[PDB]
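*Asks:*
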Amino acid sequence: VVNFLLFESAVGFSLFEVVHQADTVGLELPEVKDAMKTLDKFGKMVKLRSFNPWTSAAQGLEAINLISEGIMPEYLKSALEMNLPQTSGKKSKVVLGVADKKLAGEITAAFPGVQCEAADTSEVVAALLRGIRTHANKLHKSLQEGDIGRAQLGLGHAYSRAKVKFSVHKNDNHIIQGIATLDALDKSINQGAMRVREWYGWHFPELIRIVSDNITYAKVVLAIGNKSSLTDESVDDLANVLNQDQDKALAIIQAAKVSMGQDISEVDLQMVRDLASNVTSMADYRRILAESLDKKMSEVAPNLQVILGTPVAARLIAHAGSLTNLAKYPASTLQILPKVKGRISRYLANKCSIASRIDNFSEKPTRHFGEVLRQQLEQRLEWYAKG
Amino acid sequence: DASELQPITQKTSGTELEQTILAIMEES
Amino acid sequence: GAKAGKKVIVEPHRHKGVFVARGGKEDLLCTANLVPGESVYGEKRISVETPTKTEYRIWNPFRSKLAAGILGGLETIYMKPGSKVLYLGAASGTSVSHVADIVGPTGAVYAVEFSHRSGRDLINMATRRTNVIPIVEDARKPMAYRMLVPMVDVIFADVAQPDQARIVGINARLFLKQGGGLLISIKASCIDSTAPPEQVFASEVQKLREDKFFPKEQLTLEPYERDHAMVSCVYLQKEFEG
Amino acid sequence: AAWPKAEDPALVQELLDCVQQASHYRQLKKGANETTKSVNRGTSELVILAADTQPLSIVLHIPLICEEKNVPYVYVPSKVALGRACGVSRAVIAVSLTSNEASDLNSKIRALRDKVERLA
Amino acid sequence: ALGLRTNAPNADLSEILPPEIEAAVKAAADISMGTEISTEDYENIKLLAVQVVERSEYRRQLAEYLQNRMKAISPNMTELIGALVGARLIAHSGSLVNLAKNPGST
Amino acid sequence: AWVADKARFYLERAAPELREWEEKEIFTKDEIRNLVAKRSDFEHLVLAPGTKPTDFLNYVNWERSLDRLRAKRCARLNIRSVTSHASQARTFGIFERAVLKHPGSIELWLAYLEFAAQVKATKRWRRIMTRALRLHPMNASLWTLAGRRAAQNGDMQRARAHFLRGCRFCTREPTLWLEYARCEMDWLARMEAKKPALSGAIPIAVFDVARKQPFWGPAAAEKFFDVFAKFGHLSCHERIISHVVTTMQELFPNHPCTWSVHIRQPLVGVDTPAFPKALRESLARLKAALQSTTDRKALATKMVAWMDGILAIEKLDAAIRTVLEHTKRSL
RNA sequence: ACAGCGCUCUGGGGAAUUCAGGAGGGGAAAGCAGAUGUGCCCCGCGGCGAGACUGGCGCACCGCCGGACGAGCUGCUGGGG
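The following block contains the structure:
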């Protein structure tokens, strides 16, 4: 005969007081199973008595950790002390129903006057908690803040990530998405620089003729203003751009003096210089991405970084998808990702897969294994030079 | 009778606050 | 074979949620992708230009016993889109990704795995897909994730343990609705490595009927996996839903 | 990290004897990449990894696909003994011994994998 | 403006979008499920977001320039339909005179 | 939905009191038809599937208002036989199935507690309070209501037990801990007015455990000092205040809150020659705090709030008024 | 077209609309197993319960099993004021 029963849920645990308990002898009957199924014949069995939510997601994580380990938590002991009538089993006990037998034993050793019944051992409390877990979305809804799906989602992620220690050594998503950003804005930079190159050489073609390096082009067009305001070594700029006094500045000024491009309007020059500022901002952000990505590559997978080099190694990582896929791939599938070229290519694929599995299955990887492998590659390079 | 909340004793004291409150109420 | 770039058409299969993609010289099985453009384990995916965000993923039957069963011709699979599925033995989440895509955004898929590194892969898959929740715990002790798992409608079992029937027995006794569908994948070489396969399947079906299900179907998925069998049963009823 | 470590008393030696028998029967695959490819193709009946290899990440990546495809994998602590049992005259660290439809080696495999499934 | 989710409770966001939404985003920031990321990568995310906001402001002032320029060139078409679609027509025709050579159905 | 049947039971329960009101000359038959029709509509809405605590509350308000109007008409017609017994019984029935149908609505729980405390059911009130605390443990307002009404009754042990269970539960916000310290020092005050407690060490004990509770902060200690500084007319109040300020010095050496309590420390029992001397003392402490190394903006905002309180107090000197105006203006 | 076969026959189709039923899905606290106003004190019976006793057993010896008093608190729709 049951009196109260605990029920631990994701948002928190609640204890119900049973009224008009179920028959334990005819428990395998279609009528009592139908009554357990429907809701209008189970709310007569179960009446809600006490609820306790978690205070914070860290506290709920602590709840799952202690409960799955079997040890009751202190605030669960507090809530049971609040709800159960105070007694020791000298003359009158209280029957509780819980799911885990170890939790039953611990609650019994905490409160002497509470005899627990385990869902593992007693079919009546088994069927009772089964009905409650089935209709759990309706019984709590009068005080259920929100719904239960998102809480179960987040609580399961918190518990499993705490058991795995996942975010300490998962960073491959940052690596691959950085690579995709890098080559995306590299293409965008190339296209925008070509655009401003044509779009300003319409006004001044000798600058196109004499200055390559479209980033330096964007810099010098942000610098030059209009075709009519030229002096060679004005302030702080051309000597750190390029050679200053005797190589290019006089050439540019002379090309402007002989130049026959169209005059440009003020607002058109403003728009051109805004586009050039845009291009140089993306180029500066590119070099920032490259530096931070080299450092992150050295932190994540250093053996690949020293064998292949960061750009192509991260291309391989990006194409495989993650370090786990890269390591799970054998050598020849990694090859899919004369005769000397084929020989050194298969050899390099083998050493690449070795570096991948090392740098993935370490916790915090090291560098000297990749240094030893690169030394072996250089020695095979000398071996093929012997030919 | 779980009708109301009965006052605490040393048997049913959970936290350090309740322990010290009962210590002071004993030493008074 | 089914080379990348061939044009196929996509028709809906008889089951609710699986599509069959037929085209050219090979017909294959696919599920609607939940997150577009990002393959999980390097599978082939089909793009459809609707008159973008819709794409299908090709289900490898040799690698997933559920896809093997559906090509083998199961009568039903009990997992309509929106029905909660408890998956036991969710190693690295390939078939679990497929089941999550079948169930869709309104349901949920409770992937229970045990090995920690397969758990890491499963954590990655569950960060990507928002309707699968992962649980890294030993499936023999459901008192661990009894706080996480609510009353699901389908139980998939892909464990090969000698205690397979008892494992699914306690997990269904704790987390399965009245008349609850389940599928189990039985590997004879692991259940009884001495015995013949038909006798092994008969023994396991009898152990399930002792553990209070009712078996409705059993097929030997022979052209995809040797000495296997997929057994479909219902928990504590004769019809599936109600 | 190699928690299915095979213990000393004669289980390691039954493993090595079975590996040598399979090498003679040509039902055996040696090497890390060949074990990986046999496990991916699903022919692998059992797989043994050395535990004294230079850094353990290699014979750590094999158990990932092994657990994904549910094959019995064990660790034997001697790669030189593994090579001398395979009959290579070089040190192997990964051996996947496969399944046929007819032998007595299959019965020895069944007994051995029963023991290692009890081990796990 | 929002830093990390740990910096979300001390965040000031009412200048970009009024509340009844920018409190729901604080709720989602407290009970999200995403992994924790280092500030060494949040710097990269923040610089990229600065970059894309600069691109959007450049697009907006480019559209203002385009409206001014189409108003300067052909005020009749701008008073008719608008500088944007006028610019599309000038683009597809190649030149203003090449468009003026086209009949109405074209 | 057998709500016709359930409403039939409740109206057949309500019928004989209406027969009493008809055999007396208190309500006439047209009024009684209006009453039974309104009661039928109310009972059907209450037992309907889709219901709301606002609907239960409006039915409660109608039945209670009918009880009041019946009392007015009875006292006007000079009768004494008709009592309020059936009316209070049916009101209790409405509230009981109200909290059954919607247990999680603290609005309805508080209205039910208000009704019990109004019509004089103290034991019933303790039972209702116990059930509501079991359903809403994290409600600082409910815990304070229980503890304060128990201390108003005089059950110091019961008010204790309520507050101790409350601070065992509600650990996130310090409001309940402030309320327990407030009630404990009110008990010390009631004992001093009646004239261990000679020490008065229970608020110090509450402080010592509040230091390790996870709400423990500078502003939390500031609230503690505020509720300690109210009603300073006591015996060991200076001992308590000194222990608080020494603990805050030992923990937060340069926090602007600690400087604020060092500013307002010697102003415990001031209202009169004892007032301006402590005023000058705290003015010296304030100037030292304003010139010392501390977050001057936060400290001065605390100080101008404090001086807003001071200027809200009247009956002061014009000279000190002008110098407080100047010191507030220089911030 | 002949021949054959099947269904169906107030001939057969499409549509609007009225009525009589059936099956399936989703939703809903969807909750009348014994419906009695509140408070006090007294009687009866029952619980906690600090503390004080006492009998028997105890060949791994370390401990067990049992009677009967009880301050204080408290329950009762048991009946009476």
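Chains as they are written, first to last, in the authors' numbering: chain CC, 3 to 339, 372 to 421; chain UN, 353 to 380; chain CA, 64 to 114, 123 to 313; chain CF, 7 to 126; chain CD, 213 to 318; chain UF, 2 to 196, 272 to 347, 350 to 409. Cβ atoms here follow ideal geometry from the backbone N, Cα and C, with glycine treated the same way.
Between CA/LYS278 and CA/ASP229, what straight-line distance do the alpha-carbon atoms span, to the nearest angstrom?
*Replies:* The sequence position of residue 278 of chain CA within the third sequence is 207, counting from 1. The sequence position of residue 229 of chain CA within the third sequence is 158, counting from 1. Rounded to the nearest angstrom, the two C-alpha atoms are 17 Å apart.
*Asks:* If you draw a straight line from the alpha carbon of CC/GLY91 to that of CC/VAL116, how long is it in whole angstroms?
*Replies:* For this step, residue 91 of chain CC is matched to residue 89 along the first sequence. For this step, residue 116 of chain CC is matched to residue 114 along the first sequence. Cα-Cα distance, rounded: 7 Å.
*Asks:* Contact between the region 161-181 of chain CA and the region 84-99 of chain CA is defined here as three or more beta-carbon pairs at a separation below 8 Å; is this criterion met?
*Replies:* By the Cβ rule, the region 161-181 of chain CA counts as touching the region 84-99 of chain CA, because three or more pairs are nearer than 8 Å.
*Asks:* Could you round the C-beta distance between UN/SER365 and UN/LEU374 to whole angstroms and report it? I think they count as a contact, below 8 Å.
*Replies:* Position 13 of the second sequence, counted from the first residue, corresponds to residue 365 of chain UN. Position 22 of the second sequence, counted from the first residue, corresponds to residue 374 of chain UN. Rounded, the Cβ-Cβ distance is 6 Å, consistent with contact.
*Asks:* For the beta strand (DSSP E) that CA/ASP224 lies in, which residues bound it at each end?
*Replies:* For the purposes of this step, residue 224 of chain CA is taken as residue 153 along the third sequence, with counting starting at 1. Residue range 223-228 is occupied by the beta strand (DSSP E) that includes CA/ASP224.
*Asks:* Taking CA/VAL83 as part of the beta strand (DSSP E), name the residues at either end of that continuous run.
*Replies:* Taking the third sequence and counting its residues from 1, the one referred to as residue 83 of chain CA is at position 20. Run containing CA/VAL83: 81-85, per the beta strand (DSSP E) assignment.
*Asks:* Let me check understanding here. Comparing Cα to Cα, which of CC/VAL27, CC/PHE113, CC/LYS95, CC/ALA106 lies closest to CC/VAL126?
*Replies:* To locate residue 126 of chain CC, count along the first sequence from 1; it is residue 124. Among CC/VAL27, CC/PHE113, CC/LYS95, CC/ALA106, the Cα nearest to that of CC/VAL126 is on CC/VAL27.
*Asks:* Cβ of CF/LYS36 within 8 Å of Cβ of CF/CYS92?
*Replies:* The count along the fourth sequence starts at 1 and reaches residue 36 of chain CF at position 30. The count along the fourth sequence starts at 1 and reaches residue 92 of chain CF at position 86. Against a cut-off of 8 Å, the Cβ pair of CF/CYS92 and CF/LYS36 comes out as a contact.
*Asks:* Just to check my reading of the structure: CD/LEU311 and CD/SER305 have Cβ atoms closer than 8 Å, yes? What is that Cβ distance to the nearest angstrom?
*Replies:* Taking the fifth sequence and counting its residues from 1, one reaches residue 311 of chain CD at position 99. Taking the fifth sequence and counting its residues from 1, one reaches residue 305 of chain CD at position 93. The Cβ separation is near 4 Å, so the contact holds.
*Asks:* For CA/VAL220, which three-state DSSP category applies?
*Replies:* In the third sequence, residue 220 of chain CA corresponds to position 149, counting from 1. If DSSP states are grouped into helix, strand and coil, CA/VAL220 belongs with coil.
*Asks:* If you drop the 5 nearest sequence neighbours on each side, which residues of the same chain put their C-beta closer than 8 Å to that of CF/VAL98?
*Replies:* On the fourth sequence, position 92 is the one that residue 98 of chain CF refers to. Answer for CF/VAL98: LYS36, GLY37, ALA56, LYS85, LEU88, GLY89, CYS92, listed in chain order.
*Asks:* Identify every residue that forms a DSSP beta bridge with CC/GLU119.
*Replies:* Taking the first residue of the first sequence as 1, we reach residue 119 of chain CC at position 117. Answer by DSSP bridge pairing, in chain order: CC/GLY99.
*Asks:* Count the CB pairs spanning the region 401-411 of chain CC and the region 379-392 of chain CC that are closer than 8 Å, and state whether there are at least three.
*Replies:* yes
*Asks:* List the residues of chain CC whose Cβ lies closer than 9 Å to the Cβ of UF/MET139, in chain order.
*Replies:* If you number the sixth sequence from 1, residue 139 of chain UF lands on position 138. The contact set of UF/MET139 on chain CC, defined by CB atoms closer than 9 Å, consists of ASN54, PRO55, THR57 in chain order.
*Asks:* Is CC/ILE266 near the ligand PLP, going by C-beta to nearest heavy atom under 7 Å?
*Replies:* Judged by which ligands are present, the structure shown has none, so any question about the ligand PLP falls away.
*Asks:* Run through DSSP, which three-state label would CA/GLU126 get?
*Replies:* Residue numbering aside, residue 126 of chain CA sits at position 55 when the third sequence is read from its first letter. Note: CA/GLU126 maps to strand in three-state DSSP.
*Asks:* With 8 Å as the threshold, decide whether the Cβ of CA/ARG244 is near any Cβ in chain CC.
*Replies:* Working through the third sequence from its first residue, we reach residue 244 of chain CA at position 173. Judged by the 8 Å Cβ criterion, CA/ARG244 is in contact with chain CC.
*Asks:* Given a threshold of 16 other Cβ atoms within 10 Å of its Cβ, counted over all protein chains shown, does CC/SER94 qualify as buried or as exposed?
*Replies:* Your numbering for residue 94 of chain CC matches position 92 in the first sequence. Per the 10 Å Cβ criterion, exposed.
*Asks:* Identify each residue in the region 386-398 of chain CC for which the Cβ-Cβ distance to at least one residue of chain CF is less than 9 Å, and report them in chain order.
*Replies:* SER387, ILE388, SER390, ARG391, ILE392, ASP393, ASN394, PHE395, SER396
*Asks:* Within 8 Å, do at least three Cβ pairs link the region 9-19 of chain CF to the region 285-298 of chain CA?
*Replies:* no
*Asks:* Which runs of the alpha helix (DSSP H), 4 residues or longer, sit entirely within the region 233-272 of chain CC?
*Replies:* 240-243, 251-260
*Asks:* Does the count of Cβ pairs from the region 275-288 of chain CC and the region 221-236 of chain CC closer than 8 Å reach three?
*Replies:* yes
*Asks:* Let me know the beta strand (DSSP E) ranges lying completely inside the region 170-247 of chain CA, each 3 residues or longer, listed in chain order.
*Replies:* 180-184, 203-207, 223-228
*Asks:* Whose C-alpha, out of UF/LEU48, UF/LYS121, UF/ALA162, is nearest the C-alpha of UN/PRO359?
*Replies:* Numbered from 1 along the second sequence, position 7 holds the residue referred to as residue 359 of chain UN. Residue UF/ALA162 is the option with its Cα nearest to UN/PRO359.
*Asks:* What's the C-alpha gap between UF/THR323 and CD/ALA261?
*Replies:* Mapped onto the sixth sequence, residue 323 of chain UF falls at position 247. Mapped onto the fifth sequence, residue 261 of chain CD falls at position 49. One C-alpha to the other measures close to 46 Å.
*Asks:* Compare the C-alpha of CD/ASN280 against each of CC/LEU325, CC/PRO207, CC/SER267, CC/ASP393 and name the closest.
*Replies:* Counted from its first residue, the fifth sequence places residue 280 of chain CD at position 68. Considering only alpha carbons, the answer is CC/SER267.
*Asks:* Can you pull the chain CC neighbours of UF/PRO104, defined as C-beta to C-beta under 8 Å?
*Replies:* Against the sixth sequence, residue 104 of chain UF aligns to sequence position 103. Correct list: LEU50, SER144, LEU145.
*Asks:* Quick check: UF/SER88 and UF/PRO54, are their CB atoms within less than 8 Å of each other?
*Replies:* Residue numbering aside, residue 88 of chain UF sits at position 87 when the sixth sequence is read from its first letter. Residue numbering aside, residue 54 of chain UF sits at position 53 when the sixth sequence is read from its first letter. No.
*Asks:* Specify, as a first and last residue, the run of the beta strand (DSSP E) that CC/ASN54 falls within.
*Replies:* Counting from 1 along the first sequence, the entry for residue 54 of chain CC is found at position 52. 48-55 is the span of the beta strand (DSSP E), which, as asked, contains CC/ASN54.
*Asks:* Between CA/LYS309 and the rest of its own chain, which residues show a CB-CB distance below 7 Å, the 5 nearest in sequence each way excluded?
*Replies:* Looking up residue 309 of chain CA in the third sequence gives position 238. Cβ within range, chain order: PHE285.
*Asks:* So, UF/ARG34 versus UF/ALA15, is the Cβ gap smaller than 8 Å?
*Replies:* Within the sixth sequence, residue 34 of chain UF is the residue found at index 33, counting from 1. Within the sixth sequence, residue 15 of chain UF is the residue found at index 14, counting from 1. Contact: no.
*Asks:* Report the neighbours of CF/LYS75 on chain CC: residues whose CB is nearer than 9 Å to its CB, in chain order.
*Replies:* Looking up residue 75 of chain CF in the fourth sequence gives position 69. Result: empty, since nearest Cβ-Cβ is about 11 Å, beyond 9 Å.
*Asks:* For CA/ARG188 versus CF/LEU125, is the C-beta distance shorter than 8 Å?
*Replies:* Working through the third sequence from its first residue, we reach residue 188 of chain CA at position 117. Working through the fourth sequence from its first residue, we reach residue 125 of chain CF at position 119. No, the pair does not count as a contact, with Cβ atoms beyond the cut-off.
*Asks:* Can you give me, in chain order, the residues of the region 42-54 of chain CF that have a beta carbon less than 8 Å from any beta carbon in chain CA?
*Replies:* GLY48
*Asks:* Give the residues from the region 280-298 of chain UF that approach chain UN closer than 9 Å (Cβ to any Cβ), ordered along the chain.
*Replies:* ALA281, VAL282, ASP284, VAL285, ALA286, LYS288, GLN289
*Asks:* With a 10 Å radius around its C-beta and 16 neighbouring C-beta atoms as the bar for buried, classify CC/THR40 as buried or exposed.
*Replies:* Your numbering for residue 40 of chain CC matches position 38 in the first sequence. With fewer than 16 other Cβ atoms within 10 Å, it is exposed.
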